[PDB]
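Everything below concerns the one structure shown next.
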Amino acid sequence: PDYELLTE
Amino acid sequence: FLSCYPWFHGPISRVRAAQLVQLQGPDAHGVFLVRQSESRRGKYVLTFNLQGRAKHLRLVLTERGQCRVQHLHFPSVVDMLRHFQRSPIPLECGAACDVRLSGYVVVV
Ligand SMILES: [Cl-]
């Protein structure tokens, strides 16, 4: 499925 | 290890976790739980309510108990949670998706 990405 | 915390639900499914944090609608913005990953064993997930929708953030727990979320390192899962109670989770959608962790779903 899909997991969140953080701004880096 | 994590079974002493009330917000840890162990091996619950992604769908069950989503429904738990979505049950109270957008009023529960920021409500969260932590679970074992369902699609990558050994890993963990922070599942949280964002404007009524469930979101899922992968967590890595080292053998020493420390917690990594992508580029961010914390001494413990508890420290990660307290950090995101005080500062917004830096998601890609920026200010339109502002969220700080608030309450948690208590495990049954
Ligand atoms: Cl650290």
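Here the protein sequences line up with chains B and V, keeping their order. Each residue of the first sequence is one higher than the one before, starting from 1 at the first, in the numbering used here. Each residue of the second sequence is one higher than the one before, starting from 9 at the first, in the numbering used here. All C-beta atoms, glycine included, are put in the ideal place defined by N, C-alpha and C.
Does the beta-carbon distance from residue i to residue j come in below 7 Å?
| i | j | result |
| --- | --- | --- |
| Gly38 of chain V | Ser84 of chain V | no |
| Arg76 of chain V | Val86 of chain V | no |
| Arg43 of chain V | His17 of chain V | yes |
| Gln27 of chain V | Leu6 of chain B | no |
| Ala62 of chain V | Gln30 of chain V | yes |
| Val116 of chain V | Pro14 of chain V | no |
Looking at C-alpha atoms only, which residue of the options is the closest neighbour of residue i?
| i | options | result |
| --- | --- | --- |
| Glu4 of chain B | V:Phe82, V:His81 and V:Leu58 | V:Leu58 |
| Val107 of chain V | V:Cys12, V:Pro19, V:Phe40 and V:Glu71 | V:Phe40 |
| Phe9 of chain V | V:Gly73, V:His91 and V:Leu80 | V:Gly73 |
| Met88 of chain V | V:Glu71, V:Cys105 and V:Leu54 | V:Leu54 |
| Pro1 of chain B | V:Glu46, V:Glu71 and V:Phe92 | V:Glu46 |
| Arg49 of chain V | V:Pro34, V:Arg61 and V:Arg66 | V:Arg66 |
| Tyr52 of chain V | V:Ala104, V:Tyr112 and V:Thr70 | V:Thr70 |
Can you tell me whether DSSP reads residue i as helix, strand or coil?
| i | result |
| --- | --- |
| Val39 of chain V | coil |
| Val86 of chain V | helix |
| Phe56 of chain V | strand |
| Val114 of chain V | coil |
| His64 of chain V | strand |
| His81 of chain V | strand |
| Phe9 of chain V | coil |
| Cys105 of chain V | helix |
| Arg76 of chain V | strand |
| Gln32 of chain V | coil |
For the segment 20-28 of chain V and the segment 84-104 of chain V, state whether three or more C-beta atom pairs, one from each stretch, are separated by less than 8 Å. Because the criterion of three Cβ pairs below 8 Å is not met, the segment 20-28 of chain V and the segment 84-104 of chain V do not touch.
Beta carbons nearer than 8 Å to chain B: which residues of the segment 74-101 of chain V have them? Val77, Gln78, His79, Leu80, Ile97, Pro98, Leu99 and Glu100
Which residues of the segment 14-38 of chain V have a Cβ closer than 7 Å to any Cβ of chain B? Give them in chain order. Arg22
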